[PDB]
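Heads up, the thing below is written out as structure tokens.
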Ligand SMILES: *[C@@H]1O[C@H](CO)[C@@H](O)[C@H](O)[C@H]1NC(C)=O
């Protein structure tokens, strides 16, 4: 029974500052070296920094040395990570971790669930939903909605207000070069039921308060 | 600096199989290597620390080995709650901790032929300015699948970007969408738009194409 | 009662060249590592095989403080498994090294307006140095088929070469002072201990 709770993550512009905080519980916090470890979206894990059990020692990776700052308050049982001059490379989910200390060297005994830190110079934008219409294949067909140009994550996507569940795939978004995100959501249906059954996708972007219902119907010619 | 090469990049294995993953170091680490588990989305979790010491609360089926550069993690009998990406992590360089690339363990199952559909840019998108040609690879296995855009028989590269779902909970199949993004002016300058797909379950490459503005 | 003489190792008025790297033996003293902790003036500082935080509470049999001077581009060679002129011909660390390496820019100290040429390295050697080897032989390096009878000339080169340390050199060629703290624990009494007695 060991718990770590990250908080303080959020969207932030380049060159700004941001304060992260890990709340420890159910062990002697003031007697273990503490770790920060980040993981970029889709990339691998990356060690960030270390502070000693007494807070006298502070060590950093070469990618963040002289630019982050680790600290800790033993009375409050908290671990702080001040992030000054954030760059785009810092966009990642950050984790706090207990050392364990059973070795002369650092290892990672228990992991917190982490908090998201996105660095981007774009304002919040409403998504643009576009249809993806089929045609005469010849089997079964498929159709979808393109949730293009929005920021930040996430966007919730459903089909026929939740009535259409099986056969649906909503894909992870992709940070296109404009700093905005693009997302694809699709569903497969038998080639016959295209005139009778109506198809409408439901997109909701809470960070922008933009709800959109888009009709999807086959290409006409 | 120390880099860690973990191999294979991705493997397929069913339940009960004796799984083994190799982690190799750019230079000698005595035994300060660590094996971590990470489910998709969940936080990482310690499995093995210091070459071959089982962490408290980790099932006995897990076991490390090796010393020097070539280390090994072994699952004697795979279990369903173990399908996850496994990382290796060296510690010898204390103030420069580096991890491995990882080895996702996907549920082994029969080869599945993808259903390849292509979607032209909607008229609503064309009036805005941009144009996105979508190509869908649906329900297939394994992950490895080549998607190649052709525009007037011209091989395209760098114009698009893919996205793949995790191994689906129902049929254990993957899915992929290439989003070929380009401007309006670059859209009418060309006619044919094609999506060539190569996959292990295809006796020959499959192409799905359309001509601009003909339906 | 007696602290370990870490001050005369760092704050020494002058260091030696890399080929004649100077060794201080640390034994029979309480190790105060806080001189490493507070001094943020350190450009490069990496510990291998042992943690710096978990160091002030661990007894070792002997400590070995090596000190010398190199240039910035060469600093990354002071580590196990590395190769290069410094690692191969001047100062080689073993692959199972357990210690720490510290280095800081001393351009203000080891640079003269005319170029301080006092610091040297070994440019040629018939074989790579064994770990912790200190070669200072000035034997004329034989490079060609014609043997060198202690004379220089055609394929007879002097094995040592000088650094060109000027205040206007780029940070790559600026002089960095370097100290390697190696640690050894043997089947023997531990004479060096942190404050955790
Ligand atoms: C070496 O000098 C620095 C200041 O230049 C000082 O802070 C440090 O304490 C000195 N070393 C020792 C062991 O006192």
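General observations
- For the residues of C:76-89, the average number of beta carbons from a partner chain within 10 Å of their own beta carbon is 1.
- Calculated [θ] (222 nm, deg cm²/dmol) that DSSP helices of n ≥ 4 give over chain B, each run adding -39,500 (n - 2.57): -1000 deg cm²/dmol
- Normalised radius of gyration (Cα atoms, divided by 2.2 N^0.38 Å) for segment B:4-107: 0.99.
- Ellipsoid equivalent to segment B:115-211 - semi-axes via the Cα gyration tensor, in Å: 25, 15, 10
- Packing-based order for B:55-64, B:183-192, using average beta carbon neighbours within 10 Å, highest first: B:55-64, B:183-192
- Per-peptide average of other Cβ atoms within 10 Å, ordering C:165-174, B:114-123 highest first: B:114-123, C:165-174
- The mean count of C-beta atoms from other chains within 10 Å of the C-beta of residues in A:177-183, rounded to a whole number, is 2.
- Put in line by how crowded their Cβ is, counting other Cβ atoms within 10 Å and starting with the fewest, A:45, A:81 read A:45, A:81.
- Inter-chain Cβ neighbour count for A:74-80, averaged per residue, equals 0 (cutoff 10 Å, partner chain atoms only).
- Tensor-based shape of the protein assembly as shown (alpha-carbon gyration tensor, a/c under 1.5 rounded, otherwise prolate or oblate): prolate
- Pair-distance distribution P(r) for chain B, from all Cα-Cα distances in 5 Å bins starting at 0: 1, 6, 13, 14, 12, 10, 10, 10, 9, 6, 5, 3, 1, 0 percent.
- Of the residues C:117, C:48, the one with the fewest other Cβ atoms within 10 Å heads the list, and the complete ranking is C:117, C:48.
- Between the C-alpha center of segment B:51-91 and that of segment B:98-121 there is a gap of 24 Å.
- Over 18 Å [Cα-Cα, segment A:79-120], rounded percent: 42 percent
- Expressed as a fraction of 2.2 N^0.38 Å, the value expected for a compact globular protein of N residues, the C-alpha radius of gyration of segment C:1-143 is 1.11.
- Sorting A:34, B:4 from the fewest to the most surrounding beta carbons within 10 angstrom yields B:4, A:34.
- Derived value for segment C:69-122: Kirkwood hydrodynamic radius 12.6 Å. Basis is the mean of 1/r over every pair of different alpha-carbon atoms.
- Segment B:125-164: equivalent-ellipsoid semi-axes (sqrt of 5 x gyration tensor eigenvalues, Cα, Å): 23, 15, 9
- Gyration tensor verdict on segment C:115-166 (Cα atoms; rounded if a/c is under 1.5, prolate if a/b is larger than b/c, oblate otherwise): oblate
- Rounded Å value of the spacing that divides the Cα centres of segment C:125-196 and segment A:45-119: 37 Å
- Stokes-Einstein D in µm²/s, Kirkwood radius over Cα pairs - segment A:128-216 at 4 °C with 1.567 mPa s viscosity: 95 µm²/s
- Helical content of chain C, expressed as a calculated mean residue ellipticity at 222 nm, amounts to -1500 deg cm²/dmol (DSSP H runs of 4 or more residues, -39,500 (n - 2.57) each, divided by residue number, nearest 500).
Each reported figure results from applying straightforward, stated rules to the coordinates on display, with no laboratory input. We place every Cβ from the backbone using ideal geometry, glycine too, and count neighbours over all the protein chains shown.
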